[PDB]
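Before any comments, here is the structure.
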Amino acid sequence: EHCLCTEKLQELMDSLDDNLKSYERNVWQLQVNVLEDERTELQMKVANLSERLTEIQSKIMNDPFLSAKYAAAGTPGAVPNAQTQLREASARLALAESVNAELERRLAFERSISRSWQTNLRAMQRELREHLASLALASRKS
Amino acid sequence: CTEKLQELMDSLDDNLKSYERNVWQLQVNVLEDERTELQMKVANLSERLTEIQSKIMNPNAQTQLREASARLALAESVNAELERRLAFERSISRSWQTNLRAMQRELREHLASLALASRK
Amino acid sequence: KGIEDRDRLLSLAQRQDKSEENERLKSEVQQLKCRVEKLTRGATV
Amino acid sequence: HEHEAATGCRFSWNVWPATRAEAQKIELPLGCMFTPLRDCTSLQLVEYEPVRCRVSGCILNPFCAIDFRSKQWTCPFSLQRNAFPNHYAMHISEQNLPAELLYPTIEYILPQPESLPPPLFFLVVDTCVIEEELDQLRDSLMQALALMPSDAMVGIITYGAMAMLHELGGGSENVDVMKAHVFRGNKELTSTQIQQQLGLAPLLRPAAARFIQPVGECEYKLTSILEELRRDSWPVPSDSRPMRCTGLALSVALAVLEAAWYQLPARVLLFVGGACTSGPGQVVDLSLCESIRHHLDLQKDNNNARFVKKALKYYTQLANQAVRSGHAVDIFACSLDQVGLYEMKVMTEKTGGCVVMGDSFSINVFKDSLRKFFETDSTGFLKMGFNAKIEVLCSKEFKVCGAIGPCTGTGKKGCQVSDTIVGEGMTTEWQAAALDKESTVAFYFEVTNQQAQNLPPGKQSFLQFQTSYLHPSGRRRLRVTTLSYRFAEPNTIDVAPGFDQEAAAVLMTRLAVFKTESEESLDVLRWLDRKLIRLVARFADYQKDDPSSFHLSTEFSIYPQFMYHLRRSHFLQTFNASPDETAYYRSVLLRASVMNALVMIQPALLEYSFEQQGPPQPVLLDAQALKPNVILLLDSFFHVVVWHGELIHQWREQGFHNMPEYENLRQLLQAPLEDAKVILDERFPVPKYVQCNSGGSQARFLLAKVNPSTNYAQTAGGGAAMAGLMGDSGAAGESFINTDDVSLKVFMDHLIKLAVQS
Amino acid sequence: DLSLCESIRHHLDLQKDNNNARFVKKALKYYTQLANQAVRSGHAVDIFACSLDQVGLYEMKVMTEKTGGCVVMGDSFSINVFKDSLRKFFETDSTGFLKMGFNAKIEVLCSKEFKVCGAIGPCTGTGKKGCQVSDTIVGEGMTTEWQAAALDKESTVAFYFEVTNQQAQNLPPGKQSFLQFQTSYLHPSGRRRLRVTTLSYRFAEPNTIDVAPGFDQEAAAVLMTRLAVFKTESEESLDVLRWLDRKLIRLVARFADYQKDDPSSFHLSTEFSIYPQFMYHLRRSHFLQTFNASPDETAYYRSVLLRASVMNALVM
């Protein structure tokens with residue numbers, strides 16, 4: 199059935215080559231360099247959170263009387279005396295807002311993962327549809 | 203036209219049975235496990251820091284505990300809503316090979332019926 | 393499936409049928425025949 | 004939305020097509036809605052001259068690469084380098100950059116090498144109306160005069176059967192004599208004949242010293258002519274309406290402008306209240322005998338087209354005279370019958386003014402629109418520029434063709450302008466006699482790009498707009514807004530996410546209005562729904578010959594509803610309204626912001642529920658909202674009709690509200706009053722606020738625009754049985770609406786079915 | 318449509334949406350825009366329909382109500398219902414001119430105590446605004462001036478009025494309010510006419526019982542029947558039946574002398590004696606009941622009811 203498909207199945211070759219393979223490459227790159235962006239912004243905050251736990255950590259407990267401040271501490275006994283339950287409600291509160299800030303950057307950078315497979319995938323629905331449907335329009339001619 | 207359909211089969215199923223989508227996924231999984239490991243590092247380095255910054259720092280008790288635990292229990296509501304949110308875009312990214320290769324089987328089967336028609 | 397195909401073909405048939413309407417006119421054309429026969433009876437007078 | 008908040012521009016495609024074939028594929032005209040003046044919180048006024056590229060005329064914009072080691076910037080359009088002149092050689096270090104390179108929209112106050132002319136206002140005031148109409152015209156003119164700026168200069172001319180051009184501010188020797196140069200009607204004097212007869216043939238010469246003077250030096254002379262403003266004394270022949278030469282009155286005003294201030298801020302303000310009877314601009318005869326033109330008359334090309342065409346030739350002659358001089362004109366037509374908008378529109382669209390369309394002067398639309406015209410901004414000055422020239426600087430890829438809106442093409446033919454003129458073109462810059470804080474111009478562009486490999490790497494497709502207007506402080510001004518849109522990278526589809534549904538909707542409104550001006554309504558409607566069906570066929574998710582799989586994106590789904598309401602609105606249907614009402618609609622449509630014009634396409638139906646206890650929700654415009662227990666608020670830029678039900682209305686009669694258990698009923702009744710006056714005092718020409726109730730008041734407006742809910746088509750759909758005698762005989766008293774319009778549900782059905790098979 | 322298997326529409330077909338009438342939509346609203354063209358041009362449309370089958374009178378009634386035309390529905394073009402109706406369409410008066418008027422301009426004025434709501438019958442409002450228009454609308458409102466391109470000696474138009482006074486202390490005792498009608502019509506001789514008719518009526522005392530001798534039950538029955546058949550155009554005829562039932566209950570209980578919860582002490586005055594019997598025959602008449610009728614026959618009764626006078630409306 200050599201019925202002049204040659205010029206028009208060729209542009210289906212061209213459309214299926216530069217779009218099916220190249221879209222897969224160009225989105226596999228898209229998440230790996232924003233998850234290497236995860237590597238770079240995680241480790242920048244590893245830097246400033248480690249140093250916040252080395253000079254603040256050592257300054258308390260290398261100098262006599264301030265190391266006695268973390269010798270008394272909130273005392274290792276019962277009867278919380280209505281000062282060390284005043285206190286640590288804000289301890290799990292600061293734990294709460296630190297993990298809230300961490301999950302909220304997690305959410306926003308996961309939007310860049312998800313807001314890429316609507317538009318380009320619908321293009322692969324798109325440009326293959328009028329090529330295939332016209333491959334039945336001109337096929338019903340001879 | 204049968205020579206063009208035949209190398210359309212070859213050019214298409216080479217994409218389908220290439221274990222090449224697999225390897226780039228093994229690339230992103232090995233940076234997923236260490237990145238969730240480094241999530242735990244953000245957890246430990248911050249949990250200890252928020253403890254230490256309250257050691258030093260310095278109305279009645281029956282107002283400041285009334286607040287700051289009403290600033291807690293909204294933390295209860297936000298990690299509830301944001302994690303329930305989180306699994307939702309996990310599942311919309313849990314479509315990666317599910318319908319992209321359903322597209323490729325749609326092209327494979329629709330061009331198969333043209334191939335059997337030409338072979339007939 | 394043929395049960396539900398031509399239970400609609402029968403049901404369409406009676407709504408397109410006017411079996412009670414075409415008897416009340418057969419009485420009125422019979423009394424029209426009786427009226428025109430009565431008119432010719434009065435015409436001979 | 005954020006794109007409009009930054010620069011005031013709104014492109015239909017935020018991402019552009021690649022080639023010419025890509026422009027045919029996306030199938031819609033690329034265009035934008037730049038508001039030139041557009042007071043946003045991003046402009047910075049600075050008293051230095053702009054730096055200009057010698058090749059392109061480009062002003063240094065934030066998207067410019069700056070070679071710091073050589074003190075040279077590169078022009079992003081012409082790709083040619085220019086040096087920084089002297090003062091900018093130092094302090095150009097990477098920490099201290101000027102506001103040219105930081106903010107996109109920047110304002111330059113143009114340092115001159129003198130008190131520049133403050134705005135002028137003629138008052139072409141009618142006299143041939145009824146007495147109470149004229150009395151309130153005196154009152155509105157007195158309040159407008161109190162709203163003059165101190166430096167502003169004015170001149171009265173009261174016309175009628177013959178024009179009386181009153182001179183202002185004479186000598187202190189008399190104080191008891193006012194003079195008026197009288198020009199007889201039914202005699203079309205030329206431009207130069209008016210100059211010689213008046214005798215006028235530091236910016237005020239002694240010939241015009243009897244003429245235009247400051248309101249701070251006249252005062253009593255203005256209050257005198259406004260209070261000896263009275264009627265015309267002529268006994269008309271039997272049934273004749275009072276004789277009126279509007280066309281002579283505008284020619285006398287424009288001719289004073291010609292020998293006086295040439296390129297200087299001035300605006301004629303017409304206060305016409307009846308059609309022109311004699312002289313030029315003839316639309317109907319002086320006697321009330323033969324019919325004035327109608328929309329039917331233009332349809333069947335009647336004999337009254339002799340009063341349409343030869344009056345159009347005169348008013349376009351005065352329009353071109355006003356354009357080449359540089360002064361805008363206003364119409365405050367407030368006639369009970371037809372006055373002639375379709376001839377007098379060509380003079381307001383070309384220069385740019387106000388097309389306020391009162392009925393009788395007591396109505397709300399006239400009174401507050403006049404005082405909103407002379408209101409001041411936050412700085413206290415008048416919020417309108419003069420002699421604005423808007424030139425575009427396109428890039429290599431795309432070339433401009435049209436500027437449909439309140440402007441006029443001038444020339445400067447070059448490589449920036451391509452062929453196939455849509456609208457008004459063969460030009461790069463567009464003159465505008467005066468431009469306020471509402472004017473929006475539709476700039477159309479087309480992408481040539483014969484080969485797909487011509488776009489620069491990651492091309493941002495630069496485009497710079499430059500407007501040179503004059504501010505009533507006495508300082509010439511130049512504002513530049515520079516914008517960029519990345520476009521058509523080879524991962525396909527990008528042009529389509531950039532599409533937003535409302536911006537392209539208003540663009541096809543302005544194109545349909547310009548094409549009804551040239552050809553008839555049938556072919557522009559066939560072109561318009563061809564544009565809709567070819568858009569929907571490519572820009573949707575479906576399988577061929579299967580309409581059930583149809584789907585539209587969030588960007589692509591609300592556009593058919595604007596297209597349905599656009600084919601339903603009065604801009605394309607010249608019937609159901611007088612030609613003056615249709616011309617009023619088209620005149621303000623070409624000059625309207627995108628958010629307000631969208632309201633005018635599809636009217637808002639803000640619903641006020643009793644049981645909801647809270648904020649309004651926008652319901653669909655249909656008659657499944659005429660339940661008697663609610664309140665309605667229609668907003669169509671011309672009516673703010675507030676519709677009650679019969680249940681709420683009779684609560685008002687016997688007084689559930691006065692007795693104090695129904696405080697919630699008081700809040701249900703004051704919310705329409707307070708929220709509507711918020712609508713009235715923000716938007717230009719302030720729409721006719723009309724109270725309404727069900728089956729009465731003036732609800733014939735709201736029941737006209739509202740779709741029928743229970744279509745008679747859905748009252749003929751198959752399957753009648755077994756419900757003939759039931760249920761205590763009563764259900765809710767439904768209301769029935771008949772109109773020519775097929776339902777929005779069924780219009781989508783022809784849209785899907787035609788697009789799927791194609 | 319053309320194919321004979323499908324039948325014409327009926328009352329049961331209209332109430333519960335059959336496919337037998339897929340083309341009555343742009344049928345009926347096509348005849349509305351022809352009537353729209355007819356009133357701006359001042360032409361009337363009369364219909365002489367004669368068939369055993371239905372002629373579509375439900376959709377083409379809209380011209381004859383809109384311009385003042387007449388409807389003559391007969392079963393054949395040879396029965397006496399057609400021959401005499403067409404013949405008196407051209408009957409002459411005492412001067413040999415036709416007993417009809419054309420291009421009439423019925424224009425109503427009122428005193429400042431009361432306004433006009435609207436009109437029901439062979440007329441259409443023009444939108445002539447003024448201070449004499451009421452908020453409430455009964456039918457064709459929004460004007461003091463109605464077009465009626467066809468009137469005759471039997472064309473009677475319902476006018477609805479509303480009193481806008483708030484307090485009884487604003488009226489001097491024995492105050493007489495006035496209303497006025499003008500009818501500007503072409504006479505068949507070819508000349509402009511203007512019939513001015515003025516009536517005077519007196520307001521009652523603040524007591525609510527003093528209006529009882531001034532009641533006219535015969536014209537009020539025509540008033541409520543005409544307003545019923547207008548409300549059946551948009552609302553259900555069943556809901557109209559509940560409306561007239563509850564309005565009869567309120568009117569009777571207000572204007573009758575009786576002891577509370579004693580049916581034997583009931584008595585109605587002479588002015589209200591036969592009025593409840595009028596709505597007994599109204600709710601069983603073909604104007605509101607759709608049983609045992611065609612929509613064409615119902616459109617015939619509703620068209621002639623909207624243009625008859627008081628005696629003819631009592632007969633029907």
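First to last, the sequence lines map onto chains ME, MF, LB, GB and GF. Residue 248 in the entry's author numbering sits at position 50 of the first sequence; the count goes up by one each step and never skips. Residues 203 to 260, 278 to 339 (the entry's author numbering) make up the second sequence, in order. Residue 412 in the entry's author numbering sits at position 20 of the third sequence; the count goes up by one each step and never skips. Residues 4 to 116, 129 to 216, 235 to 791 (the entry's author numbering) make up the fourth sequence, in order. Residue 420 in the entry's author numbering sits at position 103 of the fifth sequence; the count goes up by one each step and never skips. Heads up, the beta-carbon is just placed ideally off N, CA and C, and yes, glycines get one too.
Is residue i near residue j, with beta carbons less than 7 Å apart?
i, j, result
"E479(GF)", "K432(GF)", "yes"
"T108(GB)", "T514(GB)", "yes"
"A308(GB)", "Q371(GB)", "yes"
"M390(GF)", "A361(GF)", "no"
"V674(GB)", "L713(GB)", "no"
"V341(GF)", "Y617(GF)", "no"
"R300(GB)", "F136(GB)", "yes"
"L259(GB)", "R339(GB)", "no"
"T500(GF)", "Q464(GF)", "no"
"residue 3(GB)", "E110(GB)", "Outside the modelled stretch of chain GB, which goes from 4 to 791, sits residue 3(GB), for which no answer is possible."
"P133(GB)", "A167(GB)", "yes"
Give the interface partners of residue i over in chain GF, defined as CB-CB distance under 7 Å, in chain order.
i, result
"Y722(GB)", "By Cβ distance, chain GF contributes nothing, its closest Cβ being about 16 Å from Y722(GB), past 7 Å."
"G678(GB)", "Going along chain GF, no residue has its Cβ under 7 Å from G678(GB), so there is no contact; the nearest lies around 13 Å."
Chain MF partners of residue i, CB-CB under 7 Å?
i, result
"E300(ME)", "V244"
Which partner residues of residue i appear in the DSSP bridge assignment?
i, result
"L496(GF)", "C427(GF), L516(GF)"
"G280(GB)", "DSSP, once it has assigned bridges, lists no residue as partnering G280(GB)."
"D574(GB)", "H584(GB)"
"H328(GF)", "DSSP lists no partner for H328(GF)."
"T173(GB)", "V140(GB), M179(GB)"
"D397(LB)", "Beta-bridge pairing links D397(LB) to no other residue."
"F532(GB)", "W16(GB)"
"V244(MF)", "None; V244(MF) has no bridge partner."
"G214(GB)", "According to DSSP, which records beta bridges pairwise, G214(GB) is partnered with nothing at all."
What residues of chain ME sit near residue i, judged by a beta carbon separation below 7 Å?
i, result
"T473(GB)", "Within chain ME, no residue comes near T473(GB); the closest Cβ sits about 29 Å away, beyond 7 Å."
"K577(GB)", "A331"
Who are the neighbours of residue i on chain ME, taking C-beta pairs under 8 Å?
i, result
"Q283(MF)", "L284"
In chain GB, what lies closer than 7 Å to residue i by C-beta?
i, result
"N217(ME)", "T525"
Could you list which residues in chain ME have their beta carbon closer than 9 Å to that of residue i, in chain order?
i, result
"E253(MF)", "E286, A289, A292, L293"
Continuous alpha helix (DSSP H) assignments of at least 4 residues falling wholly in the region 609-675 of chain GB: If we require 4 residues or more, the alpha helix (DSSP H) runs fully inside the region 609-675 of chain GB come out as 612-622, 627-634.
Beta strand (DSSP E) segments (min. 3 residues) lying fully within the region 10-74 of chain GB: For secondary structure counted as the beta strand (DSSP E) over 3 or more consecutive residues, the region 10-74 of chain GB holds these complete runs in sequence order: 33-35.
Runs of alpha helix (DSSP H) wholly within the region 394-463 of chain GF (minimum 4 residues, chain order): If we require 4 residues or more, the alpha helix (DSSP H) runs fully inside the region 394-463 of chain GF come out as 397-405.
Under 7 Å (Cβ pairs) to chain GF, residues found in the region 396-409 of chain LB: From the region 396-409 of chain LB, only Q408 have a Cβ closer than 7 Å to chain GF.
Secondary structure, alpha helix (DSSP H): runs of 4+ residues fully inside the region 300-345 of chain GB: As far as the region 300-345 of chain GB is concerned, its whole alpha helix (DSSP H) runs of at least 4 residues are 328-332.
Residues from the region 545-556 of chain GF in contact with chain GB, defined by Cβ distance under 9 Å: The region 545-556 of chain GF vs chain GB, Cβ under 9 Å: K548, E550, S551, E552, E553, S554, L555, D556.
Minimum length 4: unbroken alpha helix (DSSP H) runs contained in the region 668-728 of chain GB: Taken in chain order, the complete alpha helix (DSSP H) segments of 4 residues or longer contained in the region 668-728 of chain GB are 679-687, 696-713.
Short-range partners of chain LB found in the region 366-384 of chain GF, where Cβ spacing is below 8 Å: Of all residues in the region 366-384 of chain GF, none places a beta-carbon less than 8 Å from a beta-carbon of chain LB.
Every unbroken beta strand (DSSP E) inside the region 361-385 of chain GB [3 residues or more]: 361-365, all fully within the region 361-385 of chain GB.
Contact list for the region 303-335 of chain ME against chain GB, Cβ threshold 7 Å: Hits within the stretch, in order: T317, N318, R320, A321, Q323, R324, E325, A331.
Residues in the region 588-614 of chain GF having any Cβ partner in chain GB nearer than 7 Å: From the region 588-614 of chain GF, no residue has a Cβ closer than 7 Å to chain GB.
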